[PDB]
Each structure stands twice: as structure tokens, then as C-alpha cells.
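Next up: a single chain in C-alpha cells, the form deposited in one PDB entry.
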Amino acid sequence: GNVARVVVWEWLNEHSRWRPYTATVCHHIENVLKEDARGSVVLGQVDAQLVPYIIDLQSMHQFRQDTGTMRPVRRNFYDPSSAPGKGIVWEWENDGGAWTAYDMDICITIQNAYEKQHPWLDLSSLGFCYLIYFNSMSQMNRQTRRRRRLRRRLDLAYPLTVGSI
């Protein structure tokens, strides 16, 4: 018995939410893990914005030289038929104008609703008090009625590996 599973590396933030890395970063981590289970992933080799980021596989923690934080990381897995298995990413635009990916469980839920031709999706049952409007491509706070923009891109697919039995 062999099954396929999508590899999504994730780091725990200050709100106790597991945040995903990008698919480019996750491929680089898995290549270091294949060669050395106790190695260090130097994300500065990938892009200049990731210079202060180091992921230590020896202790499974993220090290940031620009802030000093030590935050746990995990090697999580999702279903190949979900958005990370293809490369589909849903992102929302923060106050600084930067695009930020939703949590992976929410990203997969948004993509499932979009292809089911749902005009909108309510995330309240999943903890987020937000409404996703695909017609205006926006996210609305249920309490304040204020909105942010969101977009869909076909980025890189996250790595896929084999789980035995």
C-alpha cells in the first residue's frame, strides 16, 4: 500500500496558528531533509528577502536573525487533490500592500467553494469571522463590514511524497 501526500511545512506564529511557507521554500527544505535529517535550511540561498530565515532540522525550529525569534516548525501533509497539490494559492492583501496566503485549511476551503461555483463562502464555522466574496474578489469582516482584496494565483505545487501502508 502506497499513497501520495502533499508536503506543507508550517511555522507556529504568536497567535498559535500554523502558517505555511511558500511552495518554493518547501521544496528547498525537503531537499535538505533528504540529504541530512539534522541540517540547516539556509533560505537566503533562495531569495534575498529570506536572508534572515534559517530552519534548523536538528531542533525543528525557525530562526530569524532580524527579530531573534525561535518558532517551532512542522512537516504537515494534505491531500493531493487539494489546492497545494496543484499549486493554487489564495492570498489576501494586508495593510502594507503585501499579499499574504491564508492558512492552508482555509486556502483549500476557499478553492473548494470557488469550483463548486459558490458566489460566497462564510468562514465563521472555522474560527474566522469573515466572508469571501468571489464576485468582487474581496474578504469582509462580519462585524465591521470592512473589506480587503484577495486574489488567486497558480504558483508552484508543494512537494509530494509517499506514505507506506
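If you superpose the two forms and keep the largest set of C-alpha atoms that fall within 1.5 Å, you have the rigid core. Counting begins at 1, following the sequence as shown.
Omitted from view is the form deposited with a small molecule bound, to which the following refers.
At the 4.5 Å threshold, heavy atoms of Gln62 reach the small molecule in the bound PDB entry.
For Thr67, a non-hydrogen atom is located within 4.5 Å of the small molecule in the bound PDB entry, even though that partner is not displayed.
Although the partner is absent from this view, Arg71 contacts the small molecule in the bound PDB entry, with a non-hydrogen atom inside 4.5 angstroms. Using a 4.5 angstroms limit between non-hydrogen atoms, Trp18 is distant from the small molecule in the bound PDB entry. Note on the partner interface in the bound PDB entry: the residue among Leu50, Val32, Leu131, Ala113 having a heavy atom within 4.5 angstroms of the small molecule is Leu50.
When the two forms are superposed on their rigid core between the shown form and the other one, the C-alpha shift of 2 Å or more among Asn31, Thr100, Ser40, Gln65 belongs solely to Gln65.
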